Amino acid sequence: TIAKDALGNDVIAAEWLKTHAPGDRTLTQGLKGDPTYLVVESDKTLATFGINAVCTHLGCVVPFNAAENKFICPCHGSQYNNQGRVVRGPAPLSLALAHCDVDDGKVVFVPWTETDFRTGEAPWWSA
Ligand code: FES
Numbered sequence: 035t036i037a038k039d040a041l042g043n044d045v046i047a048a049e050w051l052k053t054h055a056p057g058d059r060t061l062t063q064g065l066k067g068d069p070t071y072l073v074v075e076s077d078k079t080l081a082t083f084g085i086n087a088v089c090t091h092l093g094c095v096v097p098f099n100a101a102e103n104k105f106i107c108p109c110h111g112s113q114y115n116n117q118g119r120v121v122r123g124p125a126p127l128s129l130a131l132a133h134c135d136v137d138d139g140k141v142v143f144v145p146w147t148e149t150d151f152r153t154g155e156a157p158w159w160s161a
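First residue of the sequence shown? That's 35 in this note's numbering, and the numbers climb one at a time after it.
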């Protein structure tokens with residue numbers, strides 16, 4: 035699915051990288067409309083995966099805390115590292131992933147069913 039920014043515009047990779055500083059984590063509309071983080075890597079390239087921002091506890095949207103490099107849920111305090119791996123409950127699972135690719139200049143999110151690269155476990159979201 036083509037990623038859309040907060041204003042409803044398709045995310046055009048080359049343009050996104052001009053206005054989003056390296057290390058940036060900004061929410062976009064991802065698979066099934068779920069808020070998904072598009073991340074600009076250290077070397078000024080888009081990360082190859084998107085992080086679904088829907089908390090695994092009750093579904094609040096988790097913001098990124100740049101100071102601590104953690105996504106911290108304002109609803110009940112669940113914490114996740116910078117790759118979305120769960121670090122503190124009540125959420126029992128890591129934030130879901132999506133593959134991030136570019137098609138005809140547009141950023142597209144695609145389902146992630148391969149091994150959860152963060153732990154070696156099968157993705158819990160793809161069954
Ligand atoms: S909805 Fe995220 S801590 Fe409960």
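In this text, a Cβ means the ideal position worked out from N, Cα and C, and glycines have one as well.
### Whole-Å CB distance - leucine 80 paired with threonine 70, under 8 Å assumed
On the sequence shown, position 46 is the one that residue 80 refers to. On the sequence shown, position 36 is the one that residue 70 refers to. Not confirmed; about 12 Å, so no contact.
### Task
Kindly provide the ranges of any beta strand (DSSP E) runs that are 3 or more residues long and lie completely inside the region 102 to 138, ordered along the chain.
104 to 106, 113 to 115, 120 to 122 and 131 to 137
#### Entry: Option nearest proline 124 by Cα separation, candidates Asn99, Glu102, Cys107 and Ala132
Here residue 124 refers to the residue found at position 90 of the sequence shown. For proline 124, the nearest C-alpha among the options comes from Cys107.
### Query
Are the Cβ atoms of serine 128 and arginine 119 separated by less than 8 Å?
Numbered from 1 along the sequence shown, position 94 holds the residue referred to as residue 128. Numbered from 1 along the sequence shown, position 85 holds the residue referred to as residue 119. Yes. Within cutoff.
### Query
Which of helix, strand or coil does DSSP assign to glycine 84?
On the sequence shown, position 50 is the one that residue 84 refers to. Three-state result, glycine 84: strand.
### N-terminal and C-terminal residue of the alpha helix (DSSP H) that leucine 61 is part of
Position 27 of the sequence shown holds residue 61. No alpha helix (DSSP H) contains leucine 61, which is instead part of the beta strand (DSSP E) from 59 to 63.
### Message
Among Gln117, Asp137, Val45 and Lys140, whose alpha-carbon lies nearest the alpha-carbon of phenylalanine 83?
### Response
Your numbering for residue 83 matches position 49 in the sequence shown. Comparing Cα positions, the closest option is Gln117.
### Message
Short of 8 Å in beta carbon distance, which residues of its chain neighbour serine 160, apart from the five on each side in sequence? Order them along the chain.
### Response
If you number the sequence shown from 1, residue 160 lands on position 126. Result list for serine 160: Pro145, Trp146 and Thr147, in chain order.
### Query
Where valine 73 and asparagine 86 are concerned, what is the direct C-alpha to C-alpha distance, given to the nearest angstrom?
In the sequence shown, the residue the question calls residue 73 occupies position 39. In the sequence shown, the residue the question calls residue 86 occupies position 52. Distance between the alpha carbons of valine 73 and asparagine 86: 12 Å.
### Query
Roughly how many angstroms lie between the CA atoms of residue 2 and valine 96, to the nearest whole one?
Limits of the chain in this structure are 35 at one end and 161 at the other, which puts residue 2 out of reach.
### Message
Let me confirm a value: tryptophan 158 is counted as buried when at least 16 other C-beta atoms fall within 10 Å, else exposed. Which label applies?
### Response
As a working mapping, residue 158 is identified with position 124 in the sequence shown. Exposed, by the Cβ-count rule.
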